[PDB]
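Asks: Dropping the structure in here first, questions after.
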Amino acid sequence: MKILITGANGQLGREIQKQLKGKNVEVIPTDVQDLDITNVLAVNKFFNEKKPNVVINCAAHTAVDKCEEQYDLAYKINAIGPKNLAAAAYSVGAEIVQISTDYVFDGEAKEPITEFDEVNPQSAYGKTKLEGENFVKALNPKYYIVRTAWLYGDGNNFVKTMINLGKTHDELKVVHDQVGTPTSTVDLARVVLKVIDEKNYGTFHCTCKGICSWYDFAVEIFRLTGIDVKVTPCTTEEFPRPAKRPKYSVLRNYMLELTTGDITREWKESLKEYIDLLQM
Amino acid sequence: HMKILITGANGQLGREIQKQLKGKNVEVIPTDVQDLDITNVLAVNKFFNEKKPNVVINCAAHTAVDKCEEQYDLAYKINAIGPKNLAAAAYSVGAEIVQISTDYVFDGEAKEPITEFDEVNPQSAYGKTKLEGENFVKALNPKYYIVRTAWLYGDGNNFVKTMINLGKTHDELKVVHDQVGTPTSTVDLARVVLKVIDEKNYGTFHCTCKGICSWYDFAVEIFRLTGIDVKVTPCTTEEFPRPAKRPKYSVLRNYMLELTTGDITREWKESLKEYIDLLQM
Amino acid sequence: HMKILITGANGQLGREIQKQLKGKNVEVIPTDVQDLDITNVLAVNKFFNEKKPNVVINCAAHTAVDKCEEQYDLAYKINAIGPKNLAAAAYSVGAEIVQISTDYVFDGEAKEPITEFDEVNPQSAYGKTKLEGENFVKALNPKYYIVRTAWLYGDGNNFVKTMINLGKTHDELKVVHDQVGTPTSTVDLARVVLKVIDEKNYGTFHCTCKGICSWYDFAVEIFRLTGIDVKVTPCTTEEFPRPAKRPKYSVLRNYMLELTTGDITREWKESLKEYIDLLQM
Ligand SMILES: NC(=O)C1=CN([C@@H]2O[C@H](COP(=O)(O)OP(=O)(O)OC[C@H]3O[C@@H](n4cnc5c(N)ncnc54)[C@H](O)[C@@H]3O)[C@@H](O)[C@H]2O)C=CC1
Ligand SMILES: NC(=O)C1=CN([C@@H]2O[C@H](COP(=O)(O)OP(=O)(O)OC[C@H]3O[C@@H](n4cnc5c(N)ncnc54)[C@H](O)[C@@H]3O)[C@@H](O)[C@H]2O)C=CC1
Ligand SMILES: NC(=O)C1=CN([C@@H]2O[C@H](COP(=O)(O)OP(=O)(O)OC[C@H]3O[C@@H](n4cnc5c(N)ncnc54)[C@H](O)[C@@H]3O)[C@@H](O)[C@H]2O)C=CC1
């Protein structure tokens, strides 16, 4: 089995490579310098020559505020990229996994969101990622769309940010009026490889179990590291940004629950495992 | 030569399809839950990979409408995940899929016969879960047929048998007159399913019998045809409330059939008479 | 060699595609209704199974916009069922499908150039039936190209020829100035169609010429180019009412071209001048 990973140097790309080490698979990791997924001719040629069995697309323009000003570039990476990969995959009979986002929803939900709830993106990042999902489904029947959120792993992320700020500050203000679930790439990668394995095609939410605010997330980070910093809960209005962020983006892993099982862990368990890895 | 898997094959429609395929040049593989549980992805994949059917017709459903409201997870598993599993597994072996669906995808606020190009707006768990099943089938397999039906009777429990049993044990009955649709025989539905497969006339089709009436009118005609002496009284929906919202108006126009190879269904009274005659053998 | 079936091949675009494919290394099979009626499923299936094209380009449509309002069944057959039939028949033989569509899928209430990611909301029979055609094509064949165009002129009847004739027989004309879009030559549309096929750049594309004007501005430029002495007066839509709702604002941005392999269309006045020059040979 030949697996192409795009955006392979990112957080999730790295964790998938790691979980696939020693398995009976040939992994082809690419990032932008090896394969620019926005270029249709390049993508078609690559797939026709390499003939992967699966493509996992971890490439994205994830700077959320920058997407508002770089709408064209967001569409190219977040939407056209997936379109190109899905079709090129189809031409060689390959499956596609497309990683997506909780920003497809408007944030006005009051309870955990399922895969059957209606999308309504209020941001360029959300809109462009959604159009990426729509292309993937339209162009390749052998699709998996895996939506995630608040993702941390081998790369820049909120955990590393908090740690670095916390070491240089005596107090921090962190939003308490935005809720979701911190997710480790370890859990997301396990799920990605699980549905591939089962051929459990479709759209899946995949965040860790539980719920909290960014404030709660920060407090647990500092509890776990021992860093002495006073965190103060604040509101979204106090520190405004170019992109609209959802008040409530808790995803229910419903499709996993209804099929072969929600194997993700409680968010604090995954986070402890990650902090341990870092302090090593 | 042609190999046809039927899921939910012991149900009303499943039985009628088996019957209409007897003696045809096809290998039929009837399954119900104890042979193939369609909610189980691994079991479904393995079954398709080994049997390699050319067509799957999915007649399995969680049709207890009121019970779906209290069993939402189970309704999703049977009414949506099942179809998903069958559509993908079919796609993996190059098979076509027929997915039977429902008028409950609509909100019941229509004022004239509803076409396949009208907008869906399910107000029930049953309708919502059946709709998501349609969505999956189309997303996962380009060789699809979605056939929506309603008020279905045949070889199984149904309104006709219920009315007959009540009517024999009661001097009068109240039946809703403010809900309208069209009584449909599995005979007509099954002829249509097999017709579109035969033509490779892919897409979404409405398939109810011709004409229009209320459940009250349906009951009155049942008792006229059986000779059962029972006074039926028309009533309203508010008088006898249920857990699931039921459409006021769920008349489906068989527009895609009309626009393509012909609406071969019969007027509802004709199909019903043929059914009652079969019963009183 | 590559085999390209063209349906509606005698129409404006069908003729231009044939012309741009002359001398290329492709076998072109032009058909119009008398050779292949696309609304007939059995005929369409048989044709594809025998000819096995690699690509179908569908240029056939019921484009009489006002007449669609009174011929809704026929519009559905040609504008939706035809594409459905072609998309599925193509799929069965591994063929790609290009489906030509319309700015009438939008409601006309936009205030800036409309992209392929904007929401559809047809207010006419023509628009609604063409939209359903799009939906079928994408559902039934993953190797699809939907190319939306507007205000199209070429080798057939069109606004350019109409204006020229009226202008020769009239001293003044009233032309609507409150409906805006962009005049589009089949030369540019055909180049785009053949470009995306060549690239395997699947998806939905807008393809009108660059720029923006009203029908009034279009007329004024036509008469400037031909030298015809006629006074054109700008008017409103309310002054001269028609059965079909027309969009106030139907400027399509060719955004998918811009974001992918390039918007090769020309400025509308350049395309139009080339066309008028061809006409006055
Ligand atoms: N980061 C988060 O909190 C969330 C992430 N996601 C999604 O999860 C997935 C993984 O995110 P991370 O691993 O954190 O992303 P990351 O930002 O750590 O890495 C993304 C990779 O994509 C690459 N890329 C950019 N343009 C490319 C192109 N033209 N061709 C090929 N590669 C290109 C980047 O160079 C980078 O290596 C993405 O699809 C993202 O949208 C969704 C919701 C939240
Ligand atoms: N009966 C009616 O008035 C209406 C029926 N329909 C649709 O018509 C279709 C056929 O209806 P009927 O033949 O009357 O249904 P039925 O209730 O007579 O039979 C359905 C079958 O589903 C089977 N089933 C349940 N779970 C299963 C599983 N996990 N795996 C395999 N089989 C399973 C049952 O065992 C049963 O044999 C269904 O899709 C239903 O949604 C739609 C609207 C109304
Ligand atoms: N005319 C315009 O301003 C615009 C055109 N379009 C679209 O552009 C495309 C091309 O339009 P034109 O080239 O102007 O069309 P045209 O009207 O010049 O030619 C259309 C063709 O449809 C054929 N046709 C009708 N029924 C058929 C059937 N059953 N089977 C096979 N062929 C059949 C006709 O005989 C004719 O050759 C169409 O898809 C149309 O909807 C969209 C927006 C605007």
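Ordering of the structure tokens sets the chain letters (A, B, ...); residue numbers start at 1 within each chain; ligands are numbered from 1 in the order shown.
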Residues of chain C within 7 Å of chain A, using only C-alpha atoms, as a ChimeraX atom specification?
Replies: /C:138,142-143,199,201,259
Asks: How about saving the chosen residues, C-alpha atoms kept, as an mmCIF file, in the first residue's frame?
Replies:
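Output (part-v1.cif):
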data_model
loop_
_atom_site.group_PDB
_atom_site.id
_atom_site.type_symbol
_atom_site.label_atom_id
_atom_site.label_comp_id
_atom_site.auth_asym_id
_atom_site.auth_seq_id
_atom_site.Cartn_x
_atom_site.Cartn_y
_atom_site.Cartn_z
ATOM 1 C CA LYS C 138 -21.943 16.226 -10.707
ATOM 2 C CA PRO C 142 -16.872 12.495 -11.011
ATOM 3 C CA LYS C 143 -15.055 13.516 -14.258
ATOM 4 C CA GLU C 199 -5.618 20.090 -18.383
ATOM 5 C CA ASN C 201 -9.024 20.798 -14.622
ATOM 6 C CA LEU C 259 -7.138 30.722 -9.314
#
Asks: Based on DSSP run over this structure's backbone, return all residues of range 193-223 of chain C in helix (DSSP H, G or I), as a list in words.
Replies: residues 193, 194, 195, 196, 197, 198, 199, 215, 216, 217, 218, 219, 220, 221, 222 and 223 of chain C
Asks: Emit the selected residues as a CSV table (one decimal), in the first residue's frame, including N, CA, C and O atoms.
Replies:
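Below you can see part10.csv, which holds the result:
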chain,number,residue,atom,x,y,z
C,193,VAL,N,-13.4,25.9,-22.8
C,193,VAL,CA,-13.9,24.5,-22.7
C,193,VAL,C,-12.8,23.6,-23.1
C,193,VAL,O,-12.5,22.6,-22.4
C,194,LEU,N,-12.1,23.8,-24.2
C,194,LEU,CA,-11.1,22.9,-24.7
C,194,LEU,C,-9.8,22.9,-23.9
C,194,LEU,O,-9.1,21.9,-23.8
C,195,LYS,N,-9.5,24.1,-23.3
C,195,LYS,CA,-8.4,24.2,-22.3
C,195,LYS,C,-8.6,23.3,-21.0
C,195,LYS,O,-7.6,22.6,-20.7
C,196,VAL,N,-9.7,23.5,-20.4
C,196,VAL,CA,-9.9,22.7,-19.1
C,196,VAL,C,-9.9,21.2,-19.4
C,196,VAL,O,-9.4,20.4,-18.6
C,197,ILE,N,-10.5,20.8,-20.5
C,197,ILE,CA,-10.4,19.3,-20.9
C,197,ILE,C,-8.9,18.9,-21.0
C,197,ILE,O,-8.5,17.8,-20.6
C,198,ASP,N,-8.2,19.7,-21.7
C,198,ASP,CA,-6.8,19.4,-22.0
C,198,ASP,C,-6.0,19.2,-20.7
C,198,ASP,O,-5.1,18.4,-20.6
C,199,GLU,N,-6.3,20.1,-19.7
C,199,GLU,CA,-5.6,20.1,-18.4
C,199,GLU,C,-6.1,19.1,-17.4
C,199,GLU,O,-5.5,18.8,-16.3
C,215,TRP,N,-27.0,45.9,-21.4
C,215,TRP,CA,-27.4,45.6,-22.8
C,215,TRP,C,-27.4,46.9,-23.6
C,215,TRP,O,-27.1,46.8,-24.8
C,216,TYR,N,-27.7,48.0,-23.0
C,216,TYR,CA,-27.7,49.3,-23.7
C,216,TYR,C,-26.2,49.6,-24.2
C,216,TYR,O,-26.0,49.9,-25.3
C,217,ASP,N,-25.2,49.5,-23.3
C,217,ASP,CA,-23.9,49.7,-23.7
C,217,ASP,C,-23.4,48.7,-24.8
C,217,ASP,O,-22.6,49.0,-25.7
C,218,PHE,N,-23.9,47.5,-24.7
C,218,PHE,CA,-23.6,46.4,-25.7
C,218,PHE,C,-24.1,46.9,-27.1
C,218,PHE,O,-23.4,46.9,-28.1
C,219,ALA,N,-25.4,47.4,-27.1
C,219,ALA,CA,-26.0,47.9,-28.4
C,219,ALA,C,-25.2,49.1,-28.9
C,219,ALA,O,-24.9,49.2,-30.1
C,220,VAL,N,-24.9,50.1,-28.1
C,220,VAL,CA,-24.2,51.3,-28.5
C,220,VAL,C,-22.8,50.9,-29.1
C,220,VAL,O,-22.4,51.5,-30.1
C,221,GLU,N,-22.1,49.9,-28.5
C,221,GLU,CA,-20.9,49.5,-29.1
C,221,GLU,C,-21.1,48.7,-30.4
C,221,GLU,O,-20.3,48.9,-31.4
C,222,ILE,N,-22.1,47.9,-30.5
C,222,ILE,CA,-22.5,47.2,-31.8
C,222,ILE,C,-22.6,48.2,-33.0
C,222,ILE,O,-22.1,48.1,-34.1
C,223,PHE,N,-23.4,49.3,-32.7
C,223,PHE,CA,-23.7,50.3,-33.7
C,223,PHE,C,-22.5,51.2,-34.0
C,223,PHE,O,-22.2,51.6,-35.2
Asks: My list of candidates is C:52, C:130, C:177, C:253. Which is closest to ligand 3 when distances are computed with only C-alpha atoms and all ligand atoms?
Replies: C:130
Asks: Which residues of chain A sit at most 8 Å from ligand 1, using only C-alpha atoms and all ligand atoms? Give each one's shortest atom pair and distance in Å (one decimal place), in chain and ascending residue order, as a Markdown table.
Replies:
| residue | atom | partner | partner_atom_place_in_ligand_line | distance |
| --- | --- | --- | --- | --- |
| A:6 | CA | ligand 1 | 31 (C) | 5.5 |
| A:7 | CA | ligand 1 | 22 (O) | 3.8 |
| A:8 | CA | ligand 1 | 37 (O) | 5.9 |
| A:9 | CA | ligand 1 | 37 (O) | 4.5 |
| A:10 | CA | ligand 1 | 19 (O) | 3.4 |
| A:11 | CA | ligand 1 | 13 (O) | 3.7 |
| A:12 | CA | ligand 1 | 13 (O) | 4.0 |
| A:13 | CA | ligand 1 | 13 (O) | 6.0 |
| A:14 | CA | ligand 1 | 13 (O) | 7.9 |
| A:30 | CA | ligand 1 | 31 (C) | 6.9 |
| A:31 | CA | ligand 1 | 32 (N) | 4.4 |
| A:32 | CA | ligand 1 | 31 (C) | 3.7 |
| A:33 | CA | ligand 1 | 31 (C) | 7.4 |
| A:34 | CA | ligand 1 | 31 (C) | 7.8 |
| A:35 | CA | ligand 1 | 31 (C) | 5.7 |
| A:36 | CA | ligand 1 | 30 (N) | 3.8 |
| A:37 | CA | ligand 1 | 30 (N) | 4.2 |
| A:38 | CA | ligand 1 | 29 (N) | 5.4 |
| A:39 | CA | ligand 1 | 29 (N) | 7.9 |
| A:57 | CA | ligand 1 | 39 (O) | 6.6 |
| A:58 | CA | ligand 1 | 39 (O) | 4.4 |
| A:59 | CA | ligand 1 | 22 (O) | 3.1 |
| A:60 | CA | ligand 1 | 22 (O) | 4.5 |
| A:61 | CA | ligand 1 | 25 (C) | 5.7 |
| A:62 | CA | ligand 1 | 17 (O) | 5.5 |
| A:63 | CA | ligand 1 | 17 (O) | 7.7 |
| A:76 | CA | ligand 1 | 29 (N) | 7.8 |
| A:77 | CA | ligand 1 | 29 (N) | 5.6 |
| A:78 | CA | ligand 1 | 41 (O) | 7.4 |
| A:81 | CA | ligand 1 | 29 (N) | 7.1 |
| A:98 | CA | ligand 1 | 39 (O) | 7.0 |
| A:99 | CA | ligand 1 | 39 (O) | 4.4 |
| A:100 | CA | ligand 1 | 42 (C) | 5.0 |
| A:101 | CA | ligand 1 | 42 (C) | 3.8 |
| A:102 | CA | ligand 1 | 43 (C) | 6.0 |
| A:103 | CA | ligand 1 | 43 (C) | 7.0 |
| A:129 | CA | ligand 1 | 41 (O) | 7.0 |
| A:147 | CA | ligand 1 | 42 (C) | 6.5 |
| A:148 | CA | ligand 1 | 43 (C) | 4.9 |
| A:149 | CA | ligand 1 | 44 (C) | 3.9 |
| A:150 | CA | ligand 1 | 3 (O) | 3.9 |
| A:151 | CA | ligand 1 | 3 (O) | 3.9 |
| A:152 | CA | ligand 1 | 3 (O) | 6.7 |
| A:153 | CA | ligand 1 | 14 (O) | 7.5 |
| A:154 | CA | ligand 1 | 18 (O) | 7.6 |
| A:155 | CA | ligand 1 | 18 (O) | 5.6 |
| A:156 | CA | ligand 1 | 18 (O) | 6.8 |
| A:157 | CA | ligand 1 | 3 (O) | 7.2 |
| A:185 | CA | ligand 1 | 13 (O) | 7.8 |
Asks: Show me, as a ChimeraX atom specification, the residues that have an atom within 8 Å of range 156-167 of chain C when counting only C-alpha atoms, minus same-chain residues fewer than 5 positions from it.
Replies: /C:11-12,172-173,219,222-223,228-230
Asks: Save out the residues we just selected, C-alpha atoms, as a JSON list (two decimals), in the first residue's frame.
Replies:
[["chain", "number", "residue", "atom", "x", "y", "z"],
["C", 11, "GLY", "CA", -25.85, 25.58, -32.11],
["C", 12, "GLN", "CA", -23.59, 28.62, -31.63],
["C", 172, "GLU", "CA", -34.30, 54.73, -32.75],
["C", 173, "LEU", "CA", -34.30, 51.87, -30.27],
["C", 219, "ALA", "CA", -26.01, 47.93, -28.36],
["C", 222, "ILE", "CA", -22.48, 47.22, -31.81],
["C", 223, "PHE", "CA", -23.69, 50.33, -33.70],
["C", 228, "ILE", "CA", -25.20, 51.96, -38.32],
["C", 229, "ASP", "CA", -26.90, 55.26, -37.67],
["C", 230, "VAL", "CA", -29.51, 54.65, -34.99]]
Asks: Considering only C-alpha atoms, extract the chain C residues located within 10 Å of chain B and return them as a list in words.
Replies: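 Those within range of chain B come out as residues 39, 40, 41, 42, 45, 73, 74, 76, 77, 78, 81, 82, 84, 85, 87, 88, 89, 91, 92, 128, 129, 132, 136, 137, 138, 139, 140, 141 and 142 of chain C.
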Asks: Would you pick out the contacts of range 93-106 of chain B at 7 Å or less, using only C-alpha atoms, so that residues sharing its chain but fewer than 5 positions from it are not included, and give the list as a PDB file with C-alpha atoms, in the first residue's frame?
Replies:
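Below is the file that was written, result_30.pdb:
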ATOM      1  CA  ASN B  49     -16.051  -8.442  -1.604  1.00  0.00           C
ATOM      2  CA  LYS B  52     -19.670  -9.322  -5.724  1.00  0.00           C
ATOM      3  CA  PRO B  53     -23.318  -8.452  -6.496  1.00  0.00           C
ATOM      4  CA  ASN B  54     -24.077  -6.308  -9.532  1.00  0.00           C
ATOM      5  CA  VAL B  55     -26.915  -4.471  -7.733  1.00  0.00           C
ATOM      6  CA  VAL B  56     -27.929  -3.946  -4.155  1.00  0.00           C
ATOM      7  CA  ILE B  57     -31.535  -3.038  -3.380  1.00  0.00           C
ATOM      8  CA  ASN B  58     -31.863  -1.745   0.099  1.00  0.00           C
ATOM      9  CA  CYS B  59     -35.329  -2.311   1.568  1.00  0.00           C
ATOM     10  CA  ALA B  87     -23.282   2.440  -1.301  1.00  0.00           C
ATOM     11  CA  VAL B 120     -36.505  18.690   1.430  1.00  0.00           C
ATOM     12  CA  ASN B 121     -37.174  19.830   5.003  1.00  0.00           C
ATOM     13  CA  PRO B 122     -37.712  16.802   7.298  1.00  0.00           C
ATOM     14  CA  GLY B 127     -37.368  11.775   7.843  1.00  0.00           C
ATOM     15  CA  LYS B 128     -34.036  13.271   8.900  1.00  0.00           C
ATOM     16  CA  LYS B 130     -33.726   8.694   5.832  1.00  0.00           C
ATOM     17  CA  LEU B 131     -32.597  11.953   4.159  1.00  0.00           C
ATOM     18  CA  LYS B 143     -24.598   4.445 -10.083  1.00  0.00           C
ATOM     19  CA  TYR B 144     -27.465   5.243  -7.704  1.00  0.00           C
ATOM     20  CA  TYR B 145     -31.255   5.144  -7.701  1.00  0.00           C
ATOM     21  CA  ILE B 146     -33.168   6.773  -4.881  1.00  0.00           C
ATOM     22  CA  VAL B 147     -36.815   5.823  -4.944  1.00  0.00           C
ATOM     23  CA  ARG B 148     -39.052   7.668  -2.511  1.00  0.00           C
ATOM     24  CA  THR B 149     -42.380   6.090  -1.634  1.00  0.00           C
ATOM     25  CA  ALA B 150     -45.222   6.462   0.894  1.00  0.00           C
ATOM     26  CA  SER B 250     -47.466  14.284   1.306  1.00  0.00           C
TER      27      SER B 250
END
Asks: Can you tell me, as a CSV table (one decimal) with N, CA, C and O atoms, in the first residue's frame, what residues are no more than 12 Å from range 235-242 of chain A when counting only C-alpha atoms, ignoring any on the same chain fewer than 2 positions away?
Replies:
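Below is the file that was written, part-v3.csv:
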chain,number,residue,atom,x,y,z
A,63,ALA,N,-3.1,30.0,8.9
A,63,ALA,CA,-3.2,31.3,9.5
A,63,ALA,C,-4.5,32.0,9.3
A,63,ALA,O,-4.8,32.5,8.2
A,64,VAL,N,-5.4,31.9,10.3
A,64,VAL,CA,-6.8,32.2,10.2
A,64,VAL,C,-7.0,33.7,9.9
A,64,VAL,O,-7.8,34.0,9.0
A,65,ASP,N,-6.4,34.6,10.6
A,65,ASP,CA,-6.5,36.0,10.4
A,65,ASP,C,-5.9,36.5,9.0
A,65,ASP,O,-6.5,37.3,8.4
A,66,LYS,N,-4.8,35.9,8.6
A,66,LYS,CA,-4.2,36.1,7.3
A,66,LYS,C,-5.1,35.7,6.2
A,66,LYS,O,-5.0,36.3,5.1
A,67,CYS,N,-5.8,34.6,6.3
A,67,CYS,CA,-6.8,34.2,5.2
A,67,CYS,C,-7.8,35.3,4.8
A,67,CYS,O,-8.1,35.4,3.7
A,68,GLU,N,-8.1,36.1,5.8
A,68,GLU,CA,-9.1,37.3,5.5
A,68,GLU,C,-8.5,38.2,4.5
A,68,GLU,O,-9.2,38.7,3.6
A,69,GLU,N,-7.2,38.4,4.6
A,69,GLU,CA,-6.5,39.3,3.7
A,69,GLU,C,-6.0,38.6,2.4
A,69,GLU,O,-5.8,39.2,1.4
A,70,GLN,N,-5.7,37.3,2.5
A,70,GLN,CA,-5.2,36.5,1.4
A,70,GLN,C,-6.3,35.5,0.9
A,70,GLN,O,-6.0,34.3,0.8
A,122,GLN,N,-18.2,31.6,8.9
A,122,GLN,CA,-18.2,33.1,9.0
A,122,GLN,C,-16.8,33.6,8.8
A,122,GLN,O,-16.6,34.8,9.2
A,123,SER,N,-15.9,32.8,8.3
A,123,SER,CA,-14.6,33.2,8.1
A,123,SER,C,-14.1,32.8,6.7
A,123,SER,O,-14.5,31.7,6.2
A,124,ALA,N,-13.1,33.5,6.2
A,124,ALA,CA,-12.4,33.0,4.9
A,124,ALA,C,-11.8,31.6,5.1
A,124,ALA,O,-11.8,30.7,4.2
A,125,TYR,N,-11.1,31.4,6.2
A,125,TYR,CA,-10.5,30.1,6.5
A,125,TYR,C,-11.6,29.0,6.5
A,125,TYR,O,-11.5,28.0,5.8
A,173,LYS,N,-3.8,36.9,30.0
A,173,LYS,CA,-5.3,36.9,29.8
A,173,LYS,C,-5.6,36.0,28.7
A,173,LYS,O,-5.0,36.1,27.6
A,174,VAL,N,-6.5,35.0,28.9
A,174,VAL,CA,-6.9,34.0,27.9
A,174,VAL,C,-8.4,33.9,27.8
A,174,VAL,O,-9.1,33.9,28.8
A,175,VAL,N,-8.9,33.8,26.6
A,175,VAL,CA,-10.4,33.9,26.4
A,175,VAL,C,-11.0,32.7,27.1
A,175,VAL,O,-10.6,31.5,26.9
A,176,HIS,N,-12.1,33.0,27.9
A,176,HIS,CA,-12.9,32.0,28.5
A,176,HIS,C,-14.3,31.9,27.8
A,176,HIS,O,-15.0,31.0,28.2
A,177,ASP,N,-14.6,32.7,26.8
A,177,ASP,CA,-15.9,32.6,26.2
A,177,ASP,C,-15.9,32.0,24.8
A,177,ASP,O,-16.8,32.1,24.0
A,178,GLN,N,-14.8,31.2,24.5
A,178,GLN,CA,-14.7,30.4,23.3
A,178,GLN,C,-14.4,29.0,23.8
A,178,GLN,O,-13.4,28.8,24.5
A,179,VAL,N,-15.3,28.0,23.5
A,179,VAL,CA,-15.2,26.6,23.9
A,179,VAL,C,-15.1,25.6,22.8
A,179,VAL,O,-15.6,25.9,21.7
A,213,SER,N,-12.8,25.8,27.7
A,213,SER,CA,-12.4,27.0,27.0
A,213,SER,C,-10.9,27.1,26.8
A,213,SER,O,-10.1,26.3,27.4
A,214,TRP,N,-10.4,28.1,26.1
A,214,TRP,CA,-8.9,28.3,25.9
A,214,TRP,C,-8.3,28.7,27.3
A,214,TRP,O,-7.2,28.3,27.5
A,215,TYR,N,-9.1,29.4,28.1
A,215,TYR,CA,-8.7,29.7,29.4
A,215,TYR,C,-8.4,28.4,30.2
A,215,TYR,O,-7.4,28.2,30.8
A,232,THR,N,-5.8,34.8,33.8
A,232,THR,CA,-7.0,35.6,34.0
A,232,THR,C,-8.0,35.3,32.8
A,232,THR,O,-7.6,35.5,31.7
A,233,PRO,N,-9.2,34.9,33.1
A,233,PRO,CA,-10.2,34.7,32.0
A,233,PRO,C,-10.6,36.0,31.4
A,233,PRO,O,-10.8,36.9,32.2
A,244,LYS,N,-13.5,36.3,12.4
A,244,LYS,CA,-14.5,35.8,13.4
A,244,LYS,C,-14.2,34.4,13.9
A,244,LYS,O,-14.0,33.5,13.0
A,245,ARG,N,-14.1,34.2,15.2
A,245,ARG,CA,-14.0,32.9,15.8
A,245,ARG,C,-15.2,32.4,16.5
A,245,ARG,O,-16.0,33.2,17.1
A,246,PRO,N,-15.5,31.1,16.4
A,246,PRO,CA,-16.7,30.6,16.9
A,246,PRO,C,-16.8,30.7,18.5
A,246,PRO,O,-15.8,30.5,19.1
A,247,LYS,N,-17.9,31.0,19.0
A,247,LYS,CA,-18.1,31.0,20.5
A,247,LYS,C,-18.1,29.6,20.9
A,247,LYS,O,-17.5,29.3,22.0
